[PDB]
Amino acid sequence: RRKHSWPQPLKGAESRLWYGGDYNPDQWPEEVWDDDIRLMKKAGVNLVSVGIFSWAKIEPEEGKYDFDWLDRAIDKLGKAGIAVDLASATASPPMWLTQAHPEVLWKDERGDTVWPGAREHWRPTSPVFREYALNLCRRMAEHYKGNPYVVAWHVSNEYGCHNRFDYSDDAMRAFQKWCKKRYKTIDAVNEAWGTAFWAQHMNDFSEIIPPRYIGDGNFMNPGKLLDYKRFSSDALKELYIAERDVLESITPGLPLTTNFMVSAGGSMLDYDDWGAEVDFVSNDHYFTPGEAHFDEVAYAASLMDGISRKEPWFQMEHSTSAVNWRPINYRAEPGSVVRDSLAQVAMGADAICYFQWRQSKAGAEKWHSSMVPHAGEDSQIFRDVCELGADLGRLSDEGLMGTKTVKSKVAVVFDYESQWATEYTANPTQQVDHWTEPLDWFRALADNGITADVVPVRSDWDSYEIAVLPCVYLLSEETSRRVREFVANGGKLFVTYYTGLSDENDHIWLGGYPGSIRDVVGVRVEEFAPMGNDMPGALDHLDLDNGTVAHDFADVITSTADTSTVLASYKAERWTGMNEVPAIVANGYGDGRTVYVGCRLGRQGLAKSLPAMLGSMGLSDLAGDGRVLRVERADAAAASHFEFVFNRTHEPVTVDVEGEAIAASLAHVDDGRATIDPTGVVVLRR
Amino acid sequence: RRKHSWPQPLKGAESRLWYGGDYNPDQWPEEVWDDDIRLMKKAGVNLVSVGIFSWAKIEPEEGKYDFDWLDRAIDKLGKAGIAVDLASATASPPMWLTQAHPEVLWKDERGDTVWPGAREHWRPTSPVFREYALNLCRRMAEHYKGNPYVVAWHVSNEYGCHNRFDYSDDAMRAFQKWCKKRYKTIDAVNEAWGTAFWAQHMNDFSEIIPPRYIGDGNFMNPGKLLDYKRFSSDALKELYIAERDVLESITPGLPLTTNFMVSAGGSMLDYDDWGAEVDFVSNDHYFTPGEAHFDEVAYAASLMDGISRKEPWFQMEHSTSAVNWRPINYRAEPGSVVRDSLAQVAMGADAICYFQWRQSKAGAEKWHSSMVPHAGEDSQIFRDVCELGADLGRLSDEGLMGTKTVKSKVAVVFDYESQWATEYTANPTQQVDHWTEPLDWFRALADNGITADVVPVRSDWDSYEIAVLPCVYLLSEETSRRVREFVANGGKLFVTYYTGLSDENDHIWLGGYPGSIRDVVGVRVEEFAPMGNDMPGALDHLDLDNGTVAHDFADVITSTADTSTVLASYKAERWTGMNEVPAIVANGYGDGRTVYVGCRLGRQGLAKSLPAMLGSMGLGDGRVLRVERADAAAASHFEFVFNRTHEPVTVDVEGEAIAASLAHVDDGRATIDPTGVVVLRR
Ligand SMILES: OC[C@H]1O[C@H](O)[C@H](O)[C@@H](O)[C@H]1O
Ligand SMILES: OC[C@H]1O[C@H](O)[C@H](O)[C@@H](O)[C@H]1O
Ligand SMILES: OC[C@H]1O[C@H](O)[C@H](O)[C@@H](O)[C@H]1O
Ligand SMILES: OC[C@H]1O[C@H](O)[C@H](O)[C@@H](O)[C@H]1O
Ligand SMILES: OC[C@H]1O[C@H](O)[C@H](O)[C@@H](O)[C@H]1O
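Set out below in structure tokens:
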């Protein structure tokens, strides 16, 4: 795991929260760069990221390099006090390159070539692409070594945004070597993937092909498909590593990151794995319109803080308002510029950046919002960007930098590989993915006044007072041991449906679900009852006797341990078999306590059930006010303490706050009660 | 047509209803096999099917053969008194074979290769593949000939489940030769397919190409697309016959089957045509979750009984509960294991088998339910499986085997080819397929207390008192003549919308629909009025004046015969032009009677309309389905009674109860809970 290393101030500057965004001067005539500088100063901008897609400007024909334009941009910025996060420029190749070498282009499942015309159209395991990317890394680093305004490297851009999967022969060769590395022998691959089924036995590694097109509606080997997702992520990781090491060899000490795609529903790479390979962890994240907007912003940023192991992290990108890439690109509610950003700050970010500085006037993303909209500086969004800039200056003034988000009492577990496993098309239902369950729990906890930490499965969730396994479909023998020990030593554990069905190879744990920990949770599931409305007359819901209603899935629990207590059962017509089948079950195991939730209750059913579940674990006094989210950052050694309070509702609320208000948006504090409007936030120093 | 020949008992054993499932010892350590025997014995299993996907295990590299594992498995079964339905193992090839011979893989409409990774990734007309398959068949037969525990061959597995269509050049060459066989001259092919339209004329057989990709949203030649379905079925049939013939030539007398995919919505192959090529007919059927569950299980089993020409047939596979392959794999309601299976027996099956014996712990079907679940023997499904095996024991004690489901008074006609024709994408409406209408009729009749027989169109539907032609879109001159004679000679006939629109090559019968039999039904339709919800302000339903409602489709009947009676008409706003258009028309023709239903009424509307319609033809309790089997030579009669509702039900029954689940019989009254069933001897 790399040592944490954060981009440092310019020569003649103090440590500040970083504020800025992507900057693309190559899109605008040189004249406008003066105007950019003026407005950056007005907004309180001190860092921007440049060159991300500048390969064709920097190397405009093969072996010829043109730096003067970027040298002049960087100067301008730096003389104005604005620090630069320099890209490798290797995110997307120029047309001369792909024309000269069409073998760089990735191939889809059907073997069809993905052409230029958009971006990132290259095979992650192409050796030709790699040679070109590393050559550009060598040249960039050599040219910018010692530049006094460059403070970090932004390596490539969102690896696997578009090229996560390749099915070319480069990928086939790489996947063969990856399997050999993982499994050693073809026999162990055969064992992993259960190939005795459907005559898929392989005699050697040359018989391993990627999961190519097998006809619509047909079912791929699921162990192979899961491994293909692991491999894809590793393959891109290995390119990133090669790029990083080239840059670092020339510019030792200049911190390197690459930008992740962490959001509740995003699982393109194992971002917990990738977090070990950056000096500081950085995220790209975009609000979900509608009711989930705030809470998922908060969730994603919390997951980021888990991936960063509570080290400060970097919000590389987000949007002031609408994006370009949704079917309907709803605008953000007014106040989102400040509020969302301060939620990312609350959850541990020490940098806040947007895609992008100035709204493009041509190309695919011209309709994506920016800090300077098409409308120009006379706009509400620009005033809001200036307001946030001032707010971040003020939090910098009060010494926010380097505080860490406090440890919660509750860890909500997230597992990228479990999400991958739930994507298989011949699971009990295609309506259940892992990822929705942890978001629901985070939100239901917030409804009960509790801010949880979203914690990756390989991290220290088992160090928390309380933990949640929300649809953690894979549990290895090792993670299973961690579960038994956690509970036996006095841990309090929630476990749900779709948890621990299989080991890490997607081999089912037999004897009754969940096969590896059923003795800890004190239940046994013999079968499932998925639900929905695609079949007239089929079950679409199951009422519980505590006034909640299950949808989509329910475990058919057919026995409970002597130590267990049924807290809720289903109500259903006799013929279904589900009437009075246990739905929510408490248990005691060693010094700890569990609650097993056999169905999907959603945010509203979990929020309602949480007081009774918590009470069965001996925790009735976690009761609190869910109309707001309270998030705390501290440096315990320095005795500094900050509180971030967010209205989660559509009506103004007034709540008791301690300390001195150091920032406010759509909110006001009159001793010592904070009146917070919708989309509003206050920040206090204690 | 092949002489019926049923798999016979092990030496020394008696005739019994067969009970079992797919068995895959290859997936489990040999020590688990001991556990399998014990549990099979407990569950009353007496037959399993083995080796179905074992090619890679039996021929693990090119030219090397490894039989010992399978010899041991079979010996172990047979010694415990469990018979073996042995597969050819040619269902899907090993990676070594596809790696060395990529030309075996099928290609889709776009010419894209379908790779290994799942199953059955081979071209039906690949010569290379056929050589490989026939070699394996030969070797398996030479090796297993005389084995005392193998009672039948299970040839390949579900031909056309994934590889029905291939558009490779092997398919191109084969379809050319099939056309020449069918039409003799290129002029005849041009004529059948109407190639004067859109500059499609062919000068020779080399200008016939498969219905390959023509761009999305475009319209293929329909006659060609229909012939491609007949061709694709035939091609797989030709391979099946070749494999069968190899096996039979080595083990004469061992009965042969291959497993079908017969279900209401299933039409991969013309299964009535394939039923002539098996010694006994075998089916794979999986229940439809929700309201259609029981009726459609029954319907499909009836069709299987039609395909078998009432000879006993073999339920090769079904599920105990959830499958893996649906978007939401709903579980089976309690009682289903016994009930669904006894429905298949009632409709004529003398063997009941599931996919599969032990639920897989790895691979694409591990979430598919089995006889022994992941949970193991301590499970409701396994107890249910054990009860079923007892019940089939009792039924075997009582002489069930060999009895035939009785001849109904009503034949519901089903036609694979008419279903193919209704799949064309520029038909009057893409919401109408043939298959839904015979199922609606079977259910509507049951609602009136009648158990229909589902009878394939080439079979003896015209020997029945009453028959239904439900959206039989194709009627050849020959079939049209059967219709006319059936009725003229005293038959009673229902005919629906979408019946008789075209001949066998999809040329429209001109002059008013249905153009070959409008004189028999006494109606004339000039245009159609399709309906639906995708165009605001367009018609979405038509009330009838008998208090039912039509959806999706109505006939514009503009005249009726002097001999006819309108039984119901539409009511609608004037501007639609449908107001008072006749909807249901009765007729007299010769000594017989017809009724023409010009719209889709669903199970609901048909069920309600049935007394008036039947009444016009000069003619029970729908809460249950009553199904009967019988043998006169043994003087036996058996009645199976199934509750069709979500409420307990009590009904009169005659005879001795010989089996029951979620039901009991007291003083000749049967109280049957939901999902329950009783079987009586009379
Ligand atoms: O839609 C999901 C995906 O959408 C866009 O492509 C965004 O740029 C990504 O960061 C990601 O959020
Ligand atoms: O939302 C659009 C945005 O998505 C990601 O975050 C990318 O890294 C950006 O370059 C941009 O395409
Ligand atoms: O468990 C009873 C069961 O066992 C035997 O093997 C028979 O073949 C079955 O017909 C039935 O008698
Ligand atoms: O979806 C139709 C098809 O579904 C699965 O493939 C089953 O294998 C078949 O027997 C059939 O029911
Ligand atoms: O339902 C799954 C089942 O489908 C068919 O019936 C097949 O023949 C079996 O091998 C199995 O794939």
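Quick note, the sequences are listed as chains A and B, same order. Position one of the first sequence corresponds to residue 13 (this note's numbering), numbered consecutively onward. Position one of the second sequence corresponds to residue 4 (this note's numbering), numbered consecutively onward. Think of the CB as a built atom: it goes at the ideal place given N, C-alpha and C, for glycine as much as any other residue.
Query, Result
"Distance, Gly75/A Cα to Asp291/A Cα", "31 Å"
"Heavy atom of ligand 1 within 6 Å of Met273/A beta-carbon", "yes"
"DSSP-derived helix/strand/coil call for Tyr225/A", "coil"
"Own chain, CB closer than 6 Å to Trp196/B, minus 5 neighbours either side, in chain order", "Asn224, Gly226 and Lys227"
"The segment 86-96 of chain A / the segment 20-31 of chain A touching (three or more Cβ pairs under 8 Å)", "yes"
"Chain A within 7 Å of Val117/B, Cβ atoms only", "yes"
"Burial state of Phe297/B (16 or more Cβ within 10 Å)", "buried"
"Where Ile244/B falls, given that 16 or more other Cβ within 10 Å makes a residue buried", "exposed"
"Rounded separation between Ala186/A and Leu487/A - CA only", "27 Å"
"Proximity test, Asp296/A beta-carbon vs ligand 1 heavy atom, cut-off 6 Å", "yes"
"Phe326/A CB to nearest heavy atom of ligand 2 below 6 Å", "no"
"Members of the segment 532-543 of chain B near chain A, C-beta cut-off 8 Å", "none"
"The alpha helix (DSSP H) enclosing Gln318/B, as first and last residue numbers", "Run containing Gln318/B: none in the alpha helix (DSSP H); it sits in the beta strand (DSSP E), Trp316 to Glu320."
"Beta carbon proximity, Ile520/B to chain A, threshold 7 Å", "no"
"Residues of its chain near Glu449/A, where Cβ-Cβ distance is below 7 Å and the 5 sequence neighbours each way are ignored", "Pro482, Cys483 and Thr508"
"Chain A residues whose Cβ lies nearer than 8 Å to that of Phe56/B", "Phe209, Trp210 and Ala211"
"Proximal chain B residues relative to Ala648/A, where beta-carbon distance stays under 7 Å", "Within 7 Å Cβ-Cβ: nothing; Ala648/A doesn't reach chain B, min ~48 Å."
"As assigned by DSSP and simplified to three states, the class of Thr448/A", "helix"
"Closer than 7 Å at the beta carbon, the chain A residues around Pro337/B", "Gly589"
"Buried versus exposed, by CB contacts within 10 Å (16 or more), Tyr179/A", "buried"
"C-beta neighbour in chain B for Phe231/A, strict 7 Å", "yes"
"Alpha helix (DSSP H) segments (min. 4 residues) lying fully within the segment 463-528 of chain A", "489-500"
"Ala121/B at chain A interface by Cβ criterion, 7 Å", "yes"
"Contact list for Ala200/A against chain B, beta-carbon separation under 8 Å", "Near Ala200/A there are no residues of chain B at all, since even the closest Cβ is about 13 Å away, more than 8 Å."
"Cβ-based contacts, 8 Å cut-off: residues of the segment 478-499 of chain A near chain B", "none"
"Minimum Cβ-Cβ distance from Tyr135/B to chain A less than 7 Å", "no"
"Separation of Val471/B from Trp438/B, as counted between CA atoms", "13 Å"
"Which residues DSSP lists as bridging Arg632/B, in chain order", "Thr408/B and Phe641/B"
"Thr270/A versus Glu410/A, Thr560/A, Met280/A and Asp296/A, residue with shortest Cα-Cα distance", "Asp296/A"
"6 Å CB neighbourhood of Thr648/B in its chain, flanking five on each side removed", "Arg626"
"Min CB distance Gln39/A to chain B below 7 Å", "no"
"Whether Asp38/A touches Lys69/A by CB criterion (7 Å)", "yes"
"Outcome for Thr197/A when other beta-carbon atoms lying within 10 angstroms are tallied against a minimum of 16", "exposed"
"Beta-carbon neighbours of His519/A, restricted to chain B and to distances below 7 Å", "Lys364 and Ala365"
"Minimum Cβ-Cβ distance from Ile226/A to chain B less than 7 Å", "yes"
"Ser138/A - DSSP class collapsed to helix/strand/coil", "coil"
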